[PDB]
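As structure tokens, the structure follows; a few thoughts come after it.
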Amino acid sequence: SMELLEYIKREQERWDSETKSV
Amino acid sequence: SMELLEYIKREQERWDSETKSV
Amino acid sequence: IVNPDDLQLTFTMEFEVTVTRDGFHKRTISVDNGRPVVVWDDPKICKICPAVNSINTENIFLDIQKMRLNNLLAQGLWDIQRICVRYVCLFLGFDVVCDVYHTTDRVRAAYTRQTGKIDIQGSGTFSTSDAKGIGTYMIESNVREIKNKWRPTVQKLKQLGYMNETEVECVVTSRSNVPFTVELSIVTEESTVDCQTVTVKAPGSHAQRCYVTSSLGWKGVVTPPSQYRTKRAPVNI
Amino acid sequence: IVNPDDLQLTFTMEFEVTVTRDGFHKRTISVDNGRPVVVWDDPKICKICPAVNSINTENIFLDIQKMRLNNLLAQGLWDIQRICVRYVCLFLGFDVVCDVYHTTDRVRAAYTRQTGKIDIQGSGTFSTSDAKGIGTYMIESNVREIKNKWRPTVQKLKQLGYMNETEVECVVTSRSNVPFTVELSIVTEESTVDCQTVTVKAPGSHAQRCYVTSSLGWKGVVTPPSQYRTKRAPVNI
Ligand SMILES: *[C@@H]1O[C@H](CO)[C@@H](O)[C@H](O)[C@H]1NC(C)=O
Ligand SMILES: *[C@@H]1O[C@H](CO)[C@@H](O)[C@H](O)[C@H]1NC(C)=O
């Protein structure tokens, strides 16, 4: 499902941003 | 799948902990 | 930097999923305790709603719920034929409080996050851990997004369920998810993601008056009744 | 508070997924560039490995990859019949750097995180965005966990691929994922999540010597050859 893969795409961005914003 | 539901269970715990540890 | 106009808006989003052991399933997105604007049975999305593409985070949340319900039915509750769940998510700033409601054929369970209070009613079997739901971290993680992507939809829906935006003929039609009611001095009720229609017909009986009330707080009457099917907005009372 | 013994350990975990348009699929977990210890075709888990229950986070990561590959084949690459991906995750403290390797029938792609360098070789079609993988945030999020749950497994596997823990008979058998090689002065190679076996047979030819080399850095010989199938550990050289 390209829908779940979009959610995972966005989640890696939230992880990469949350770590960079510490 | 009880496997994905375990991953989501654990992810809510990581979210609830990460917010509480700010 | 965040948005002030979207931070000010306070609304409730209601995510509800139904699943039957037979195969049936239904997952919907509602706004300001109204009727559903997004329906899965590609979803049926309303015209004033955001694109399917811009609702993906809410889309997966609902699919996780279908799976979690299909799983409860797969592992337990064998006499129970239809499980159902509703998440009532209230947004007040950048914080979400999601109350979870569950319903099987034999038990009803409610839980609320601060009070942590779990209300169980029924003869049926349920787990107090299951009662509290899952995957709320998805809505709690995407506050800024969900809010900004739904801010136009949530207030244009309110500005449509207004007195000067309802059409009485007694057939009352308001193109808004905000729920209304029709009173005569047979009732055919229905719905659509775009329009809500309630019809009240009399078999030769003289009524001379037709009342209409909204959930945002207003009342109106359309008098006198005409021989033809002419369109008119409700008249204040 | 974290663990010092688990923070000190430096190892590489290698997650690899294979998918064929015909239906075939294979997803495995490897350690210290060795052979696979966890295999899906319920997984086949090694005796010195953690329980299936305590490998769930790595389990979903692999399933996401199967889906992502099945999807690449479903949307594009129609001449290509077999896509494959390998994530080489190096753990140095509480930080992970996962290098991603992809292989279709017509192209090979490699990417490495700091250098950001994307190496593409082949006539085939691939996207440089696809080349960088996905779902690494799962291993990067669960450092402390994955490390603590695998720390015993990763070093007991090394302490098994030792000279005094290999069995030569010329059939060489070492119950460890660490890869070895056998040299004679026909070769039947194989595997199992628990044991690795390489056999070298001569059709009446006199060899009088049999060499054995390990990937952790050691060499050995078993002399003289006996008429019976007697078990012995490699003798240093
Ligand atoms: C309804 O009334 C509002 C004022 O309350 C006005 O701004 C709006 O344009 C009106 N809409 C229609 C369709 O009459
Ligand atoms: C192998 O040698 C090590 C020392 O390097 C020793 O601690 C271990 O017990 C030995 N194992 C066997 C099975 O001989």
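Chain labels follow the order of the structure tokens: the first chain is A, the next B, and so on; residue numbering restarts at 1 in every chain, and ligands are counted from 1 in their shown order.
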For residue 52 of chain C: contacts at 12 Å, only C-alpha atoms, fewer than 3 positions along chain excluded, given as a tab-separated table (two decimals) with C-alpha atoms, in the first residue's frame:
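This went into part_34.tsv:
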```tsv
chain	number	residue	atom	x	y	z
A	3	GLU	CA	-0.64	4.89	1.62
C	29	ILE	CA	-14.13	10.82	9.69
C	37	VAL	CA	-17.64	13.84	5.77
C	38	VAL	CA	-15.18	10.98	4.74
C	39	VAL	CA	-16.52	7.40	4.29
C	40	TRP	CA	-14.81	4.10	3.46
C	42	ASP	CA	-11.13	5.13	-2.46
C	43	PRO	CA	-13.24	7.00	0.20
C	44	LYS	CA	-16.39	9.12	-0.37
C	45	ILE	CA	-15.06	12.61	0.42
C	46	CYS	CA	-17.13	15.81	0.75
C	47	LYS	CA	-16.63	18.79	-1.71
C	49	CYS	CA	-13.14	18.50	2.49
C	55	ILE	CA	-5.75	12.93	4.67
C	56	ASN	CA	-3.26	10.03	4.50
C	57	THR	CA	-2.20	10.21	8.24
C	58	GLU	CA	-5.90	9.91	9.33
C	59	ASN	CA	-6.36	7.19	6.59
C	60	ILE	CA	-3.72	4.83	8.14
C	149	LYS	CA	-5.22	20.85	6.63
```
Practice problem: Show me which bits of chain B are within 12 Å of chain A, counting only C-alpha atoms, as a list in words. | Solution: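 So the residues of chain B near chain A are residues 11, 14, 15, 18, 19, 21 and 22 of chain B.
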Practice problem: Counting only C-alpha atoms and all ligand atoms, name the residues that have an atom within 10 Å of an atom of ligand 1; the answer should be given as an NGL selection string. | Solution: :C and (159-166 or 233)
I need the residues from that last selection saved to file as a PDB file, in the first residue's frame (with C-alpha atoms), if you can.
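Saved the output as result_7.pdb:
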```
ATOM      1  CA  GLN C 159     -21.076  28.520   7.934  1.00  0.00           C
ATOM      2  CA  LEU C 160     -23.329  26.142   5.843  1.00  0.00           C
ATOM      3  CA  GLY C 161     -25.475  24.733   8.563  1.00  0.00           C
ATOM      4  CA  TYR C 162     -26.709  28.347   9.066  1.00  0.00           C
ATOM      5  CA  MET C 163     -30.375  29.468   8.834  1.00  0.00           C
ATOM      6  CA  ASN C 164     -29.762  31.402   5.539  1.00  0.00           C
ATOM      7  CA  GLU C 165     -28.194  28.219   4.020  1.00  0.00           C
ATOM      8  CA  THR C 166     -30.975  25.579   4.597  1.00  0.00           C
ATOM      9  CA  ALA C 233     -34.904  29.294   3.389  1.00  0.00           C
TER      10      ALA C 233
END
```
Practice problem: Take atom CA of residue 136 of chain D and atom CA of residue 98 of chain C and report the distance between them in Å, one decimal. | Solution: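 Distance between the two atoms: 29.0 Å.
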Quiz item: Expressed in Å to a single decimal, how great is the separation between atom CA of residue 192 of chain C and atom CA of residue 224 of chain C?
Solution: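 Computing it gives 29.0 Å between the two atoms.
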Practice problem: Could you list the residues in chain C lying within 10 Å of chain B, using only C-alpha atoms, and format the result as a PyMOL selection string? | Solution: chain C and resi 64-65+67-68+70-72+75+133-138+140-141
Quiz item: atom CA of residue 145 of chain C to atom CA of residue 3 of chain C: how many Å, to one decimal?
Solution: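 About the pair atom CA of residue 145 of chain C and atom CA of residue 3 of chain C: they are 10.6 Å apart.
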Practice problem: Write out as JSON, numbers by chain the residues lying within 10 Å of segment 107-120 of chain C, counting only C-alpha atoms and excluding same-chain residues fewer than 2 positions away. | Solution: {"C": [80, 83, 84, 85, 86, 87, 88, 97, 98, 99, 100, 101, 102, 103, 104, 105, 122, 123, 124, 125, 126, 127, 128, 129, 130, 131, 132, 133]}
Self-check item: Spatial neighbours of residue 157 of chain C, max dist 8 Å, only C-alpha atoms, sep filter under 2 positions, as a VMD selection string
Solution: chain C and resid 48 153 to 155 159 to 161 176 to 178
Could you save those same residues with N, CA and C atoms as a compact mmCIF listing (two decimals), in the first residue's frame?
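Printed below is result.txt as written:
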```txt
# COMPACT_ATOMS: atom_id res chain seq x y z
N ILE C 48 -16.24 20.20 0.29
CA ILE C 48 -15.59 21.22 1.13
C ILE C 48 -14.43 20.58 1.97
N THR C 153 -12.11 23.50 6.14
CA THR C 153 -13.22 22.54 6.14
C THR C 153 -14.13 22.65 7.40
N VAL C 154 -13.54 22.68 8.62
CA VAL C 154 -14.26 22.66 9.90
C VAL C 154 -15.12 23.92 10.17
N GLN C 155 -14.77 25.10 9.61
CA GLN C 155 -15.51 26.35 9.84
C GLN C 155 -16.42 26.72 8.66
N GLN C 159 -20.46 27.37 8.63
CA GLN C 159 -21.08 28.52 7.93
C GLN C 159 -22.09 28.18 6.82
N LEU C 160 -22.45 26.87 6.80
CA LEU C 160 -23.33 26.14 5.84
C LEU C 160 -24.53 25.50 6.42
N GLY C 161 -24.42 25.28 7.72
CA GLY C 161 -25.47 24.73 8.56
C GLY C 161 -26.24 25.86 9.23
N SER C 176 -24.58 20.48 4.76
CA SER C 176 -23.64 20.55 5.90
C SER C 176 -23.83 19.35 6.84
N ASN C 177 -22.72 18.88 7.44
CA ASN C 177 -22.68 17.72 8.33
C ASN C 177 -23.37 18.00 9.69
N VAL C 178 -23.60 19.30 10.03
CA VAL C 178 -24.25 19.73 11.28
C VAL C 178 -25.67 19.14 11.31
```
Exercise. Excluding residue 26 of chain D and residues on its chain fewer than 4 positions from it, collect all residues at most 10 Å away from it, counting only C-alpha atoms, and give them as a VMD selection string.
Key: chain D and resid 16 to 20 39 to 41 62 66 84
Quiz item: Could you write out, as an MDAnalysis selection string, all the residues of segment 81-179 of chain D that DSSP marks as alpha helix (DSSP H)?
Solution: chainID D and resid 128:131 137:141 143:156
Can I get the selection written as a PDB file, in the first residue's frame, with N, CA, C and O atoms?
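The resulting file, part_34.pdb, is reproduced below:
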```pdb
ATOM      1  N   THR D 128      16.795   7.470  -7.661  1.00  0.00           N
ATOM      2  CA  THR D 128      17.783   7.809  -6.631  1.00  0.00           C
ATOM      3  C   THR D 128      17.132   8.016  -5.238  1.00  0.00           C
ATOM      4  O   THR D 128      17.826   7.890  -4.219  1.00  0.00           O
ATOM      5  N   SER D 129      15.813   8.316  -5.198  1.00  0.00           N
ATOM      6  CA  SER D 129      15.054   8.429  -3.952  1.00  0.00           C
ATOM      7  C   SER D 129      14.843   7.013  -3.354  1.00  0.00           C
ATOM      8  O   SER D 129      15.017   6.812  -2.137  1.00  0.00           O
ATOM      9  N   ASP D 130      14.495   6.025  -4.231  1.00  0.00           N
ATOM     10  CA  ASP D 130      14.315   4.626  -3.844  1.00  0.00           C
ATOM     11  C   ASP D 130      15.631   4.051  -3.358  1.00  0.00           C
ATOM     12  O   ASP D 130      15.635   3.325  -2.377  1.00  0.00           O
ATOM     13  N   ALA D 131      16.754   4.419  -4.002  1.00  0.00           N
ATOM     14  CA  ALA D 131      18.106   3.969  -3.653  1.00  0.00           C
ATOM     15  C   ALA D 131      18.460   4.122  -2.154  1.00  0.00           C
ATOM     16  O   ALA D 131      19.180   3.275  -1.618  1.00  0.00           O
ATOM     17  N   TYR D 137      14.275   4.748  10.646  1.00  0.00           N
ATOM     18  CA  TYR D 137      13.845   5.424  11.875  1.00  0.00           C
ATOM     19  C   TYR D 137      13.383   4.399  12.949  1.00  0.00           C
ATOM     20  O   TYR D 137      13.292   4.734  14.123  1.00  0.00           O
ATOM     21  N   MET D 138      13.084   3.163  12.533  1.00  0.00           N
ATOM     22  CA  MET D 138      12.659   2.095  13.430  1.00  0.00           C
ATOM     23  C   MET D 138      13.853   1.513  14.171  1.00  0.00           C
ATOM     24  O   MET D 138      13.742   1.243  15.369  1.00  0.00           O
ATOM     25  N   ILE D 139      14.991   1.322  13.471  1.00  0.00           N
ATOM     26  CA  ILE D 139      16.222   0.783  14.064  1.00  0.00           C
ATOM     27  C   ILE D 139      16.928   1.924  14.821  1.00  0.00           C
ATOM     28  O   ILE D 139      17.421   1.719  15.936  1.00  0.00           O
ATOM     29  N   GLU D 140      16.899   3.132  14.240  1.00  0.00           N
ATOM     30  CA  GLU D 140      17.473   4.338  14.826  1.00  0.00           C
ATOM     31  C   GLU D 140      16.722   4.740  16.117  1.00  0.00           C
ATOM     32  O   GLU D 140      17.335   5.334  16.998  1.00  0.00           O
ATOM     33  N   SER D 141      15.416   4.394  16.234  1.00  0.00           N
ATOM     34  CA  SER D 141      14.559   4.683  17.394  1.00  0.00           C
ATOM     35  C   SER D 141      14.720   3.645  18.514  1.00  0.00           C
ATOM     36  O   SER D 141      14.531   3.967  19.691  1.00  0.00           O
ATOM     37  N   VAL D 143      17.586   1.742  19.331  1.00  0.00           N
ATOM     38  CA  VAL D 143      19.023   1.447  19.546  1.00  0.00           C
ATOM     39  C   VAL D 143      19.247   0.663  20.816  1.00  0.00           C
ATOM     40  O   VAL D 143      19.747  -0.460  20.761  1.00  0.00           O
ATOM     41  N   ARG D 144      18.908   1.285  21.961  1.00  0.00           N
ATOM     42  CA  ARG D 144      19.079   0.754  23.308  1.00  0.00           C
ATOM     43  C   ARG D 144      18.506  -0.671  23.399  1.00  0.00           C
ATOM     44  O   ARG D 144      19.227  -1.588  23.779  1.00  0.00           O
ATOM     45  N   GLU D 145      17.252  -0.854  22.946  1.00  0.00           N
ATOM     46  CA  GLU D 145      16.520  -2.124  22.921  1.00  0.00           C
ATOM     47  C   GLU D 145      17.262  -3.202  22.089  1.00  0.00           C
ATOM     48  O   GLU D 145      17.804  -4.133  22.682  1.00  0.00           O
ATOM     49  N   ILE D 146      17.311  -3.047  20.732  1.00  0.00           N
ATOM     50  CA  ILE D 146      17.970  -3.940  19.756  1.00  0.00           C
ATOM     51  C   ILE D 146      19.362  -4.368  20.267  1.00  0.00           C
ATOM     52  O   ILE D 146      19.676  -5.560  20.257  1.00  0.00           O
ATOM     53  N   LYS D 147      20.175  -3.388  20.727  1.00  0.00           N
ATOM     54  CA  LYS D 147      21.528  -3.610  21.228  1.00  0.00           C
ATOM     55  C   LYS D 147      21.529  -4.527  22.461  1.00  0.00           C
ATOM     56  O   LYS D 147      22.217  -5.547  22.440  1.00  0.00           O
ATOM     57  N   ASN D 148      20.733  -4.189  23.505  1.00  0.00           N
ATOM     58  CA  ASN D 148      20.624  -4.946  24.761  1.00  0.00           C
ATOM     59  C   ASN D 148      20.054  -6.357  24.527  1.00  0.00           C
ATOM     60  O   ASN D 148      20.529  -7.317  25.138  1.00  0.00           O
ATOM     61  N   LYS D 149      19.071  -6.477  23.624  1.00  0.00           N
ATOM     62  CA  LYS D 149      18.425  -7.751  23.313  1.00  0.00           C
ATOM     63  C   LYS D 149      19.304  -8.642  22.422  1.00  0.00           C
ATOM     64  O   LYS D 149      19.107  -9.858  22.424  1.00  0.00           O
ATOM     65  N   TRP D 150      20.281  -8.058  21.692  1.00  0.00           N
ATOM     66  CA  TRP D 150      21.181  -8.828  20.819  1.00  0.00           C
ATOM     67  C   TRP D 150      22.640  -8.947  21.347  1.00  0.00           C
ATOM     68  O   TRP D 150      23.375  -9.789  20.826  1.00  0.00           O
ATOM     69  N   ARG D 151      23.057  -8.134  22.366  1.00  0.00           N
ATOM     70  CA  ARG D 151      24.423  -8.149  22.930  1.00  0.00           C
ATOM     71  C   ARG D 151      24.908  -9.578  23.263  1.00  0.00           C
ATOM     72  O   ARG D 151      26.005  -9.910  22.814  1.00  0.00           O
ATOM     73  N   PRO D 152      24.145 -10.452  23.984  1.00  0.00           N
ATOM     74  CA  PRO D 152      24.654 -11.807  24.237  1.00  0.00           C
ATOM     75  C   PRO D 152      24.854 -12.594  22.941  1.00  0.00           C
ATOM     76  O   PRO D 152      25.950 -13.088  22.713  1.00  0.00           O
ATOM     77  N   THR D 153      23.840 -12.626  22.062  1.00  0.00           N
ATOM     78  CA  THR D 153      23.852 -13.329  20.773  1.00  0.00           C
ATOM     79  C   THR D 153      25.084 -12.958  19.881  1.00  0.00           C
ATOM     80  O   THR D 153      25.755 -13.861  19.375  1.00  0.00           O
ATOM     81  N   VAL D 154      25.373 -11.650  19.712  1.00  0.00           N
ATOM     82  CA  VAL D 154      26.417 -11.132  18.811  1.00  0.00           C
ATOM     83  C   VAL D 154      27.864 -11.512  19.223  1.00  0.00           C
ATOM     84  O   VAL D 154      28.722 -11.588  18.334  1.00  0.00           O
ATOM     85  N   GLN D 155      28.137 -11.738  20.535  1.00  0.00           N
ATOM     86  CA  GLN D 155      29.487 -12.065  21.021  1.00  0.00           C
ATOM     87  C   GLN D 155      29.657 -13.564  21.320  1.00  0.00           C
ATOM     88  O   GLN D 155      30.781 -14.063  21.238  1.00  0.00           O
ATOM     89  N   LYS D 156      28.557 -14.282  21.637  1.00  0.00           N
ATOM     90  CA  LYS D 156      28.605 -15.735  21.840  1.00  0.00           C
ATOM     91  C   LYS D 156      28.753 -16.425  20.467  1.00  0.00           C
ATOM     92  O   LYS D 156      29.278 -17.535  20.400  1.00  0.00           O
TER      93      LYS D 156
END
```
Quiz item: Any idea what's packed within 12 Å of residue 189 of chain C, counting only C-alpha atoms, ignoring anything in its chain fewer than 4 positions away? Could you give it as a VMD selection string?
Solution: chain C and resid 171 to 173 179 to 182 195 to 201
Practice problem: Would you mind writing down, as an NGL selection string, each residue of segment 1-86 of chain C that DSSP on the backbone assigns to strand (DSSP E or B)? | Solution: :C and (10-20 or 25-31 or 36-40 or 44-45 or 82-86)
Could you save the residues just selected, with N, CA and C atoms, as a PDB file, in the first residue's frame?
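Produced file out-v2.pdb, reproduced below:
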```pdb
ATOM      1  N   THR C  10     -10.944  25.546  17.832  1.00  0.00           N
ATOM      2  CA  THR C  10     -11.177  24.408  18.719  1.00  0.00           C
ATOM      3  C   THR C  10     -12.334  23.611  18.113  1.00  0.00           C
ATOM      4  N   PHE C  11     -12.071  22.327  17.860  1.00  0.00           N
ATOM      5  CA  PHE C  11     -13.028  21.430  17.232  1.00  0.00           C
ATOM      6  C   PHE C  11     -12.798  19.993  17.662  1.00  0.00           C
ATOM      7  N   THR C  12     -13.785  19.125  17.406  1.00  0.00           N
ATOM      8  CA  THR C  12     -13.623  17.714  17.690  1.00  0.00           C
ATOM      9  C   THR C  12     -13.755  16.943  16.387  1.00  0.00           C
ATOM     10  N   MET C  13     -12.770  16.050  16.160  1.00  0.00           N
ATOM     11  CA  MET C  13     -12.707  15.110  15.048  1.00  0.00           C
ATOM     12  C   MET C  13     -13.123  13.741  15.609  1.00  0.00           C
ATOM     13  N   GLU C  14     -14.046  13.059  14.928  1.00  0.00           N
ATOM     14  CA  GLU C  14     -14.567  11.790  15.414  1.00  0.00           C
ATOM     15  C   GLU C  14     -14.297  10.677  14.406  1.00  0.00           C
ATOM     16  N   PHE C  15     -13.312   9.813  14.740  1.00  0.00           N
ATOM     17  CA  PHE C  15     -12.907   8.666  13.923  1.00  0.00           C
ATOM     18  C   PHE C  15     -13.645   7.427  14.419  1.00  0.00           C
ATOM     19  N   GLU C  16     -14.453   6.764  13.574  1.00  0.00           N
ATOM     20  CA  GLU C  16     -15.245   5.596  14.006  1.00  0.00           C
ATOM     21  C   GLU C  16     -15.105   4.431  13.023  1.00  0.00           C
ATOM     22  N   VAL C  17     -14.876   3.213  13.545  1.00  0.00           N
ATOM     23  CA  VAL C  17     -14.695   2.023  12.709  1.00  0.00           C
ATOM     24  C   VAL C  17     -15.646   0.935  13.176  1.00  0.00           C
ATOM     25  N   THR C  18     -16.333   0.273  12.228  1.00  0.00           N
ATOM     26  CA  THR C  18     -17.268  -0.828  12.465  1.00  0.00           C
ATOM     27  C   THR C  18     -16.769  -2.023  11.693  1.00  0.00           C
ATOM     28  N   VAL C  19     -16.869  -3.237  12.267  1.00  0.00           N
ATOM     29  CA  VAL C  19     -16.416  -4.491  11.649  1.00  0.00           C
ATOM     30  C   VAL C  19     -17.321  -5.623  12.116  1.00  0.00           C
ATOM     31  N   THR C  20     -17.754  -6.447  11.178  1.00  0.00           N
ATOM     32  CA  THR C  20     -18.617  -7.590  11.433  1.00  0.00           C
ATOM     33  C   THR C  20     -17.845  -8.844  11.058  1.00  0.00           C
ATOM     34  N   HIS C  25     -17.516  -3.913   6.934  1.00  0.00           N
ATOM     35  CA  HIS C  25     -16.659  -2.919   7.566  1.00  0.00           C
ATOM     36  C   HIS C  25     -17.026  -1.515   7.079  1.00  0.00           C
ATOM     37  N   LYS C  26     -16.838  -0.508   7.934  1.00  0.00           N
ATOM     38  CA  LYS C  26     -17.134   0.885   7.632  1.00  0.00           C
ATOM     39  C   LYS C  26     -16.266   1.766   8.522  1.00  0.00           C
ATOM     40  N   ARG C  27     -15.479   2.677   7.919  1.00  0.00           N
ATOM     41  CA  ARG C  27     -14.591   3.570   8.685  1.00  0.00           C
ATOM     42  C   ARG C  27     -14.793   5.006   8.232  1.00  0.00           C
ATOM     43  N   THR C  28     -15.150   5.927   9.163  1.00  0.00           N
ATOM     44  CA  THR C  28     -15.496   7.319   8.838  1.00  0.00           C
ATOM     45  C   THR C  28     -14.817   8.430   9.660  1.00  0.00           C
ATOM     46  N   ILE C  29     -14.640   9.608   9.042  1.00  0.00           N
ATOM     47  CA  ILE C  29     -14.128  10.820   9.687  1.00  0.00           C
ATOM     48  C   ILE C  29     -15.295  11.842   9.781  1.00  0.00           C
ATOM     49  N   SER C  30     -15.551  12.333  11.003  1.00  0.00           N
ATOM     50  CA  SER C  30     -16.583  13.327  11.309  1.00  0.00           C
ATOM     51  C   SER C  30     -15.933  14.554  11.937  1.00  0.00           C
ATOM     52  N   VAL C  31     -16.643  15.681  11.921  1.00  0.00           N
ATOM     53  CA  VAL C  31     -16.138  16.944  12.439  1.00  0.00           C
ATOM     54  C   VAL C  31     -17.254  17.618  13.255  1.00  0.00           C
ATOM     55  N   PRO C  36     -20.805  12.053   9.071  1.00  0.00           N
ATOM     56  CA  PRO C  36     -19.473  11.808   8.461  1.00  0.00           C
ATOM     57  C   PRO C  36     -19.255  12.540   7.132  1.00  0.00           C
ATOM     58  N   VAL C  37     -18.038  13.088   6.963  1.00  0.00           N
ATOM     59  CA  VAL C  37     -17.641  13.840   5.769  1.00  0.00           C
ATOM     60  C   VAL C  37     -16.741  12.976   4.858  1.00  0.00           C
ATOM     61  N   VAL C  38     -16.060  11.945   5.433  1.00  0.00           N
ATOM     62  CA  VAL C  38     -15.176  10.982   4.743  1.00  0.00           C
ATOM     63  C   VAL C  38     -15.651   9.563   5.069  1.00  0.00           C
ATOM     64  N   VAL C  39     -15.992   8.750   4.050  1.00  0.00           N
ATOM     65  CA  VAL C  39     -16.520   7.403   4.287  1.00  0.00           C
ATOM     66  C   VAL C  39     -15.842   6.347   3.412  1.00  0.00           C
ATOM     67  N   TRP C  40     -15.389   5.276   4.072  1.00  0.00           N
ATOM     68  CA  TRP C  40     -14.805   4.098   3.455  1.00  0.00           C
ATOM     69  C   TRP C  40     -15.768   2.907   3.571  1.00  0.00           C
ATOM     70  N   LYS C  44     -15.389   8.154   0.098  1.00  0.00           N
ATOM     71  CA  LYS C  44     -16.386   9.120  -0.365  1.00  0.00           C
ATOM     72  C   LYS C  44     -16.045  10.381   0.398  1.00  0.00           C
ATOM     73  N   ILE C  45     -15.461  11.384  -0.264  1.00  0.00           N
ATOM     74  CA  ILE C  45     -15.056  12.612   0.423  1.00  0.00           C
ATOM     75  C   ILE C  45     -15.983  13.767   0.014  1.00  0.00           C
ATOM     76  N   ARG C  82     -20.437  -8.248  16.009  1.00  0.00           N
ATOM     77  CA  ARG C  82     -20.126  -6.922  15.478  1.00  0.00           C
ATOM     78  C   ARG C  82     -19.453  -6.034  16.520  1.00  0.00           C
ATOM     79  N   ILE C  83     -18.157  -5.774  16.345  1.00  0.00           N
ATOM     80  CA  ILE C  83     -17.440  -4.871  17.237  1.00  0.00           C
ATOM     81  C   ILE C  83     -17.388  -3.507  16.537  1.00  0.00           C
ATOM     82  N   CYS C  84     -17.285  -2.435  17.319  1.00  0.00           N
ATOM     83  CA  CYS C  84     -17.265  -1.073  16.828  1.00  0.00           C
ATOM     84  C   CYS C  84     -16.433  -0.182  17.751  1.00  0.00           C
ATOM     85  N   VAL C  85     -15.727   0.828  17.216  1.00  0.00           N
ATOM     86  CA  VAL C  85     -14.929   1.763  18.028  1.00  0.00           C
ATOM     87  C   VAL C  85     -15.064   3.203  17.497  1.00  0.00           C
ATOM     88  N   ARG C  86     -15.071   4.198  18.402  1.00  0.00           N
ATOM     89  CA  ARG C  86     -15.176   5.617  18.099  1.00  0.00           C
ATOM     90  C   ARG C  86     -14.160   6.367  18.936  1.00  0.00           C
TER      91      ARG C  86
END
```
